[PDB]
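Pasting query_12.cif here (mmCIF, C-alpha atoms and all ligand atoms; chains and numbers go by the auth columns):
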data_model
#
loop_
_atom_site.group_PDB
_atom_site.id
_atom_site.type_symbol
_atom_site.label_atom_id
_atom_site.label_comp_id
_atom_site.label_asym_id
_atom_site.label_seq_id
_atom_site.Cartn_x
_atom_site.Cartn_y
_atom_site.Cartn_z
_atom_site.B_iso_or_equiv
_atom_site.auth_seq_id
_atom_site.auth_asym_id
ATOM 1 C CA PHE A 1 225.013 156.704 336.708 0.00 1 P
ATOM 2 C CA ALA A 2 221.659 158.418 336.427 0.00 2 P
ATOM 3 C CA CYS A 3 219.972 161.130 334.379 0.00 3 P
ATOM 4 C CA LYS A 4 217.358 163.823 334.810 0.00 4 P
ATOM 5 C CA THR A 5 215.412 166.364 332.785 0.00 5 P
ATOM 6 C CA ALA A 6 215.504 170.127 333.272 0.00 6 P
ATOM 7 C CA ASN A 7 212.119 170.016 335.046 0.00 7 P
ATOM 8 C CA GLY A 8 213.556 167.420 337.431 0.00 8 P
ATOM 9 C CA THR A 9 212.178 164.114 336.172 0.00 9 P
ATOM 10 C CA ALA A 10 214.822 161.481 336.932 0.00 10 P
ATOM 11 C CA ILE A 11 215.735 158.086 335.517 0.00 11 P
ATOM 12 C CA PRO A 12 217.673 156.239 338.235 0.00 12 P
ATOM 13 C CA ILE A 13 220.585 153.813 338.318 0.00 13 P
ATOM 14 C CA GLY A 14 219.683 150.890 336.075 0.00 14 P
ATOM 15 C CA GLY A 15 217.814 152.896 333.484 0.00 15 P
ATOM 16 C CA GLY A 16 214.174 153.344 332.633 0.00 16 P
ATOM 17 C CA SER A 17 212.130 155.884 330.702 0.00 17 P
ATOM 18 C CA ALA A 18 211.043 159.521 330.965 0.00 18 P
ATOM 19 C CA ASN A 19 209.070 162.045 328.967 0.00 19 P
ATOM 20 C CA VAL A 20 210.688 165.245 327.728 0.00 20 P
ATOM 21 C CA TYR A 21 208.536 168.180 326.628 0.00 21 P
ATOM 22 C CA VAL A 22 210.184 170.515 324.143 0.00 22 P
ATOM 23 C CA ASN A 23 209.273 173.995 322.974 0.00 23 P
ATOM 24 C CA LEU A 24 209.586 174.281 319.194 0.00 24 P
ATOM 25 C CA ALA A 25 209.958 177.215 316.805 0.00 25 P
ATOM 26 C CA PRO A 26 206.310 177.863 315.829 0.00 26 P
ATOM 27 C CA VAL A 27 207.094 178.690 312.199 0.00 27 P
ATOM 28 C CA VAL A 28 209.700 176.866 310.123 0.00 28 P
ATOM 29 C CA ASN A 29 210.151 177.471 306.411 0.00 29 P
ATOM 30 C CA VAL A 30 211.194 174.980 303.773 0.00 30 P
ATOM 31 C CA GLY A 31 214.963 175.395 303.651 0.00 31 P
ATOM 32 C CA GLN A 32 215.256 176.197 307.381 0.00 32 P
ATOM 33 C CA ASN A 33 216.116 173.919 310.314 0.00 33 P
ATOM 34 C CA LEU A 34 213.931 173.203 313.287 0.00 34 P
ATOM 35 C CA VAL A 35 216.452 172.644 316.083 0.00 35 P
ATOM 36 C CA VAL A 36 215.639 170.448 319.067 0.00 36 P
ATOM 37 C CA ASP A 37 218.577 170.875 321.430 0.00 37 P
ATOM 38 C CA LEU A 38 218.224 168.183 324.094 0.00 38 P
ATOM 39 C CA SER A 39 221.516 169.166 325.716 0.00 39 P
ATOM 40 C CA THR A 40 219.541 171.858 327.572 0.00 40 P
ATOM 41 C CA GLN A 41 216.931 169.381 328.781 0.00 41 P
ATOM 42 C CA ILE A 42 218.724 166.089 329.518 0.00 42 P
ATOM 43 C CA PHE A 43 221.537 165.752 332.042 0.00 43 P
ATOM 44 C CA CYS A 44 223.484 162.809 333.451 0.00 44 P
ATOM 45 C CA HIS A 45 226.290 162.117 335.920 0.00 45 P
ATOM 46 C CA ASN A 46 228.677 159.422 337.174 0.00 46 P
ATOM 47 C CA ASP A 47 227.887 158.293 340.760 0.00 47 P
ATOM 48 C CA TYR A 48 231.349 156.881 341.529 0.00 48 P
ATOM 49 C CA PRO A 49 234.031 158.571 339.380 0.00 49 P
ATOM 50 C CA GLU A 50 236.604 157.861 342.094 0.00 50 P
ATOM 51 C CA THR A 51 236.575 154.248 340.857 0.00 51 P
ATOM 52 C CA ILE A 52 234.379 153.934 337.742 0.00 52 P
ATOM 53 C CA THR A 53 234.274 155.493 334.276 0.00 53 P
ATOM 54 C CA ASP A 54 230.857 155.606 332.577 0.00 54 P
ATOM 55 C CA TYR A 55 230.356 155.346 328.808 0.00 55 P
ATOM 56 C CA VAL A 56 227.330 156.810 327.046 0.00 56 P
ATOM 57 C CA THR A 57 226.063 156.387 323.483 0.00 57 P
ATOM 58 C CA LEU A 58 223.053 157.376 321.462 0.00 58 P
ATOM 59 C CA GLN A 59 222.062 153.794 320.747 0.00 59 P
ATOM 60 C CA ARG A 60 219.131 154.710 318.556 0.00 60 P
ATOM 61 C CA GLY A 61 216.978 157.667 317.620 0.00 61 P
ATOM 62 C CA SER A 62 213.511 157.188 316.152 0.00 62 P
ATOM 63 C CA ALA A 63 211.131 159.732 314.616 0.00 63 P
ATOM 64 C CA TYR A 64 207.365 159.805 315.093 0.00 64 P
ATOM 65 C CA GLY A 65 204.298 161.745 314.038 0.00 65 P
ATOM 66 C CA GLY A 66 204.921 164.939 312.115 0.00 66 P
ATOM 67 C CA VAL A 67 208.697 164.664 312.390 0.00 67 P
ATOM 68 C CA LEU A 68 208.551 161.282 310.650 0.00 68 P
ATOM 69 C CA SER A 69 206.032 162.489 308.072 0.00 69 P
ATOM 70 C CA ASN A 70 207.176 166.035 307.347 0.00 70 P
ATOM 71 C CA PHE A 71 210.868 166.454 308.131 0.00 71 P
ATOM 72 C CA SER A 72 214.288 165.376 306.977 0.00 72 P
ATOM 73 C CA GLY A 73 216.481 164.867 310.013 0.00 73 P
ATOM 74 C CA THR A 74 220.024 164.911 311.263 0.00 74 P
ATOM 75 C CA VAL A 75 221.217 164.210 314.783 0.00 75 P
ATOM 76 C CA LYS A 76 224.348 165.753 316.187 0.00 76 P
ATOM 77 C CA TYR A 77 225.974 163.769 318.982 0.00 77 P
ATOM 78 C CA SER A 78 229.029 165.157 320.704 0.00 78 P
ATOM 79 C CA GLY A 79 230.170 167.210 317.723 0.00 79 P
ATOM 80 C CA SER A 80 229.436 164.666 314.969 0.00 80 P
ATOM 81 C CA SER A 81 226.406 164.454 312.686 0.00 81 P
ATOM 82 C CA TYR A 82 224.427 161.390 311.671 0.00 82 P
ATOM 83 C CA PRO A 83 221.177 160.568 309.880 0.00 83 P
ATOM 84 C CA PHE A 84 218.033 160.847 312.014 0.00 84 P
ATOM 85 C CA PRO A 85 216.228 158.416 312.284 0.00 85 P
ATOM 86 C CA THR A 86 219.522 156.682 313.060 0.00 86 P
ATOM 87 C CA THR A 87 221.235 153.843 311.217 0.00 87 P
ATOM 88 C CA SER A 88 223.835 152.892 313.838 0.00 88 P
ATOM 89 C CA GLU A 89 224.934 153.426 317.407 0.00 89 P
ATOM 90 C CA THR A 90 227.184 156.423 317.996 0.00 90 P
ATOM 91 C CA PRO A 91 230.610 156.379 319.581 0.00 91 P
ATOM 92 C CA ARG A 92 230.758 156.650 323.380 0.00 92 P
ATOM 93 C CA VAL A 93 230.878 159.842 325.402 0.00 93 P
ATOM 94 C CA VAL A 94 232.809 159.598 328.672 0.00 94 P
ATOM 95 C CA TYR A 95 231.137 160.683 331.919 0.00 95 P
ATOM 96 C CA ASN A 96 233.684 161.071 334.698 0.00 96 P
ATOM 97 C CA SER A 97 231.962 163.781 336.721 0.00 97 P
ATOM 98 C CA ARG A 98 229.433 163.606 339.573 0.00 98 P
ATOM 99 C CA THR A 99 228.258 167.067 338.560 0.00 99 P
ATOM 100 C CA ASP A 100 225.336 167.069 336.104 0.00 100 P
ATOM 101 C CA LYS A 101 226.534 167.156 332.524 0.00 101 P
ATOM 102 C CA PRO A 102 224.466 167.599 329.343 0.00 102 P
ATOM 103 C CA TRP A 103 223.641 164.661 327.109 0.00 103 P
ATOM 104 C CA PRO A 104 225.090 166.231 323.930 0.00 104 P
ATOM 105 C CA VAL A 105 222.197 165.449 321.553 0.00 105 P
ATOM 106 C CA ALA A 106 220.574 167.863 319.132 0.00 106 P
ATOM 107 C CA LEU A 107 218.102 167.244 316.325 0.00 107 P
ATOM 108 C CA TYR A 108 218.187 169.266 313.108 0.00 108 P
ATOM 109 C CA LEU A 109 214.901 168.899 311.282 0.00 109 P
ATOM 110 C CA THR A 110 214.196 170.525 307.934 0.00 110 P
ATOM 111 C CA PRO A 111 210.778 170.338 306.211 0.00 111 P
ATOM 112 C CA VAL A 112 210.405 167.984 303.247 0.00 112 P
ATOM 113 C CA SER A 113 209.126 169.533 300.024 0.00 113 P
ATOM 114 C CA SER A 114 205.613 168.142 300.507 0.00 114 P
ATOM 115 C CA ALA A 115 205.380 169.674 303.992 0.00 115 P
ATOM 116 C CA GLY A 116 202.943 172.508 304.541 0.00 116 P
ATOM 117 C CA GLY A 117 200.570 173.685 307.241 0.00 117 P
ATOM 118 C CA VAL A 118 200.590 172.160 310.706 0.00 118 P
ATOM 119 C CA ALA A 119 203.611 169.889 310.331 0.00 119 P
ATOM 120 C CA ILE A 120 203.887 169.007 314.027 0.00 120 P
ATOM 121 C CA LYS A 121 200.967 168.913 316.456 0.00 121 P
ATOM 122 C CA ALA A 122 201.106 170.096 320.071 0.00 122 P
ATOM 123 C CA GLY A 123 201.308 167.175 322.472 0.00 123 P
ATOM 124 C CA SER A 124 202.416 164.630 319.875 0.00 124 P
ATOM 125 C CA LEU A 125 205.318 162.220 320.245 0.00 125 P
ATOM 126 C CA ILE A 126 208.037 163.369 317.852 0.00 126 P
ATOM 127 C CA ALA A 127 211.022 161.224 318.854 0.00 127 P
ATOM 128 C CA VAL A 128 212.323 158.409 321.027 0.00 128 P
ATOM 129 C CA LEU A 129 215.990 158.640 321.913 0.00 129 P
ATOM 130 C CA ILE A 130 217.784 155.713 323.542 0.00 130 P
ATOM 131 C CA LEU A 131 220.744 156.484 325.758 0.00 131 P
ATOM 132 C CA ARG A 132 222.855 153.384 326.365 0.00 132 P
ATOM 133 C CA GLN A 133 225.155 153.416 329.382 0.00 133 P
ATOM 134 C CA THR A 134 228.006 151.037 330.188 0.00 134 P
ATOM 135 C CA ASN A 135 231.145 151.350 332.327 0.00 135 P
ATOM 136 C CA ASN A 136 234.706 150.079 332.880 0.00 136 P
ATOM 137 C CA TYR A 137 233.873 148.295 336.126 0.00 137 P
ATOM 138 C CA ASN A 138 231.223 145.611 335.613 0.00 138 P
ATOM 139 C CA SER A 139 228.789 144.282 333.029 0.00 139 P
ATOM 140 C CA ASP A 140 226.127 146.987 333.419 0.00 140 P
ATOM 141 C CA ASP A 141 224.397 147.740 330.123 0.00 141 P
ATOM 142 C CA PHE A 142 221.453 150.030 330.776 0.00 142 P
ATOM 143 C CA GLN A 143 218.993 151.889 328.577 0.00 143 P
ATOM 144 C CA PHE A 144 217.663 155.345 329.393 0.00 144 P
ATOM 145 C CA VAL A 145 214.685 155.907 327.105 0.00 145 P
ATOM 146 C CA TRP A 146 213.668 159.485 326.353 0.00 146 P
ATOM 147 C CA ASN A 147 210.226 160.072 324.888 0.00 147 P
ATOM 148 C CA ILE A 148 210.213 163.511 323.239 0.00 148 P
ATOM 149 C CA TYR A 149 206.915 165.399 322.981 0.00 149 P
ATOM 150 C CA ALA A 150 206.106 168.656 321.204 0.00 150 P
ATOM 151 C CA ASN A 151 204.864 171.433 323.474 0.00 151 P
ATOM 152 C CA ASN A 152 203.319 173.307 320.547 0.00 152 P
ATOM 153 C CA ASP A 153 202.239 173.211 316.919 0.00 153 P
ATOM 154 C CA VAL A 154 204.824 173.883 314.220 0.00 154 P
ATOM 155 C CA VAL A 155 203.570 175.548 311.038 0.00 155 P
ATOM 156 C CA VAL A 156 205.393 175.237 307.722 0.00 156 P
ATOM 157 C CA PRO A 157 204.345 178.212 305.572 0.00 157 P
ATOM 158 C CA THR A 158 202.903 177.479 302.125 0.00 158 P
HETATM 159 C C1 LIG B . 232.335 149.743 346.658 0.00 1 V
HETATM 160 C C2 LIG B . 231.685 149.410 345.316 0.00 1 V
HETATM 161 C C3 LIG B . 230.618 150.462 345.001 0.00 1 V
HETATM 162 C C4 LIG B . 229.990 150.152 343.635 0.00 1 V
HETATM 163 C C5 LIG B . 228.975 151.243 343.267 0.00 1 V
HETATM 164 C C6 LIG B . 228.391 150.915 341.896 0.00 1 V
HETATM 165 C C7 LIG B . 227.428 152.026 341.441 0.00 1 V
HETATM 166 O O1 LIG B . 226.940 151.662 340.151 0.00 1 V
HETATM 167 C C8 LIG B . 226.166 152.696 339.528 0.00 1 V
HETATM 168 O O2 LIG B . 226.977 153.876 339.317 0.00 1 V
HETATM 169 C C9 LIG B . 228.121 153.587 338.470 0.00 1 V
HETATM 170 C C10 LIG B . 228.944 154.864 338.293 0.00 1 V
HETATM 171 O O3 LIG B . 228.128 155.899 337.699 0.00 1 V
HETATM 172 C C11 LIG B . 227.666 153.073 337.109 0.00 1 V
HETATM 173 C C12 LIG B . 226.867 151.812 337.324 0.00 1 V
HETATM 174 O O4 LIG B . 226.413 151.289 336.080 0.00 1 V
HETATM 175 C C13 LIG B . 225.675 152.177 338.201 0.00 1 V
HETATM 176 O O5 LIG B . 224.890 153.173 337.534 0.00 1 V
#
Whole structure, C-alpha cells version:
Amino acid sequence: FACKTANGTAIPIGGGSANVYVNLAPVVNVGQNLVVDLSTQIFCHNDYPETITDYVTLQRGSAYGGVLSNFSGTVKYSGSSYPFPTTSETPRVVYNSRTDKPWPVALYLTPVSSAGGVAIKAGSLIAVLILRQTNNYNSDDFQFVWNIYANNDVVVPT
C-alpha cells in the first residue's frame, strides 16, 4: 500500500509525509462553501490484492492558519460528513485494487461571521490530514500524513 499526489509526490510502503498544494476559490462569501476536494489530488493503491485487503481511514483532520481562524468546517469521507477539525476516526475504506484510487476526502469550509478580507494566505498551511492504513494480513498500522497548503489567497468580501 502506497499513495501519491497528482503532481507525483509519493509516500511509500510504511507511510510518511507529503505536502499537497491546493488551488482555492479566490473569493468566498459568508454563506458559501470553500471546497477543498482532495480526491483529485491524493491517490492510493493496494500492492498485493491477490492476497491482502487494505483498510484506510481518516484518522484525524486538523485545521491551521486562516482555516482554523476564519472558517467553520466539515469533512466528507466516503459519502459521510463529519466535523472538521475532526472528533473521531472515520470508518474504513477498502482498497482492493492495484490501480490508483482516490482518497475520498473533501473539506467544506464556510466563513465564520467575523471573517472578512484575506481569510487564507497564499503559501500557508491550512490542514493536516492523517490517513491510517491497516490490512487483513499482518499487524501493519501506518500513517500517511498529508500537509495541505494554500496555493493562493482567499478573500471573504465585506
Ligand atoms: C509473499 C508475501 C508478500 C507480502 C507482501 C507484503 C506487502 O506489504 C505492503 O503492501 C500490502 C498490500 O497493499 C499492505 C502492507 O501494509 C504493505 O503496504
Practice task
Using all atoms listed in the file, pick whichever of P:153, P:140, P:89, P:50 has the shortest atom-to-atom distance to ligand LIG 1 (chain V).
Solution key: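 Of P:153, P:140, P:89, P:50, the one nearest ligand LIG 1 (chain V), counting all atoms listed in the file, is P:140.
Considering the residues P:82, P:1, P:95, P:43 and counting all atoms listed in the file, residue 60 (chain P) has its shortest atom-to-atom contact with P:82.
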Exercise for the section: Collect all residues with atoms no farther than 7 Å from ligand LIG 1 (chain V), counting all atoms listed in the file, and output them as a ChimeraX atom specification. Expected result: /P:1-2,13-14,45-49,52-54,134-135,140
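The residue that comes closest to residue 56 (chain P), out of P:71, P:146, P:137, P:77 and on the basis of all atoms listed in the file, is P:77.
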Practice task
Considering only C-alpha atoms, state which residue in the set P:154, P:108, P:16, P:85 is at the smallest distance from residue 141 (chain P).
Solution key: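 Once distances to residue 141 (chain P) are computed over only C-alpha atoms, the minimum belongs to P:16.
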Since the input is missing atoms for region 119-139 of chain P, could you rebuild it with N, CA, C and O atoms and give the result as a CSV table (one decimal), keeping the file's coordinate frame?
chain,number,residue,atom,x,y,z
P,119,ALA,N,202.7,171.0,310.6
P,119,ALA,CA,203.6,169.9,310.3
P,119,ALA,C,203.9,169.1,311.6
P,119,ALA,O,204.2,167.9,311.5
P,120,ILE,N,203.8,169.7,312.7
P,120,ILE,CA,203.9,169.0,314.0
P,120,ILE,C,202.8,169.5,314.9
P,120,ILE,O,202.5,170.7,315.0
P,121,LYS,N,202.1,168.6,315.6
P,121,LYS,CA,201.0,168.9,316.5
P,121,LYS,C,201.4,168.9,317.9
P,121,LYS,O,202.1,168.1,318.4
P,122,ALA,N,200.9,170.0,318.6
P,122,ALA,CA,201.1,170.1,320.1
P,122,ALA,C,200.7,168.8,320.8
P,122,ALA,O,199.7,168.2,320.5
P,123,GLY,N,201.6,168.3,321.7
P,123,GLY,CA,201.3,167.2,322.5
P,123,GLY,C,201.7,165.9,321.8
P,123,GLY,O,201.6,164.8,322.5
P,124,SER,N,202.1,165.9,320.6
P,124,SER,CA,202.4,164.6,319.9
P,124,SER,C,203.8,164.1,320.2
P,124,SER,O,204.7,164.9,320.4
P,125,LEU,N,204.0,162.8,320.2
P,125,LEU,CA,205.3,162.2,320.2
P,125,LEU,C,206.1,162.5,319.0
P,125,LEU,O,205.5,162.3,317.9
P,126,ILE,N,207.3,163.1,319.1
P,126,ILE,CA,208.0,163.4,317.9
P,126,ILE,C,209.3,162.6,317.8
P,126,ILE,O,209.8,162.4,316.7
P,127,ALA,N,209.8,162.1,318.9
P,127,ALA,CA,211.0,161.2,318.9
P,127,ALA,C,211.1,160.3,320.1
P,127,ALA,O,210.6,160.7,321.2
P,128,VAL,N,211.9,159.2,319.9
P,128,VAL,CA,212.3,158.4,321.0
P,128,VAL,C,213.8,158.3,320.9
P,128,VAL,O,214.3,157.9,319.8
P,129,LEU,N,214.5,158.7,321.9
P,129,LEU,CA,216.0,158.6,321.9
P,129,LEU,C,216.4,157.7,323.0
P,129,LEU,O,216.0,157.8,324.1
P,130,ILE,N,217.3,156.7,322.6
P,130,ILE,CA,217.8,155.7,323.5
P,130,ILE,C,219.2,156.0,323.9
P,130,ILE,O,220.1,155.9,323.1
P,131,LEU,N,219.4,156.3,325.2
P,131,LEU,CA,220.7,156.5,325.8
P,131,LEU,C,221.2,155.1,326.3
P,131,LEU,O,220.4,154.5,327.1
P,132,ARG,N,222.3,154.6,325.9
P,132,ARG,CA,222.9,153.4,326.4
P,132,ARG,C,224.1,153.7,327.2
P,132,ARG,O,225.1,154.3,326.7
P,133,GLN,N,224.1,153.2,328.4
P,133,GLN,CA,225.2,153.4,329.4
P,133,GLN,C,225.8,152.1,329.8
P,133,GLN,O,225.2,151.2,330.2
P,134,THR,N,227.2,152.1,329.7
P,134,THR,CA,228.0,151.0,330.2
P,134,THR,C,229.1,151.7,331.1
P,134,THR,O,229.1,152.9,331.3
P,135,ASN,N,230.0,150.8,331.5
P,135,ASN,CA,231.1,151.4,332.3
P,135,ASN,C,232.4,150.5,332.2
P,135,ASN,O,232.4,149.5,331.5
P,136,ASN,N,233.5,150.8,332.9
P,136,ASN,CA,234.7,150.1,332.9
P,136,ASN,C,234.9,149.2,334.1
P,136,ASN,O,236.0,148.8,334.4
P,137,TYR,N,233.8,148.9,334.8
P,137,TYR,CA,233.9,148.3,336.1
P,137,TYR,C,233.2,146.9,336.2
P,137,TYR,O,233.7,146.0,336.8
P,138,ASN,N,232.0,146.9,335.6
P,138,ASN,CA,231.2,145.6,335.6
P,138,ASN,C,230.5,145.5,334.3
P,138,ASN,O,230.8,146.1,333.3
P,139,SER,N,229.5,144.6,334.3
P,139,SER,CA,228.8,144.3,333.0
P,139,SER,C,227.5,145.1,332.8
P,139,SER,O,226.7,144.7,331.9
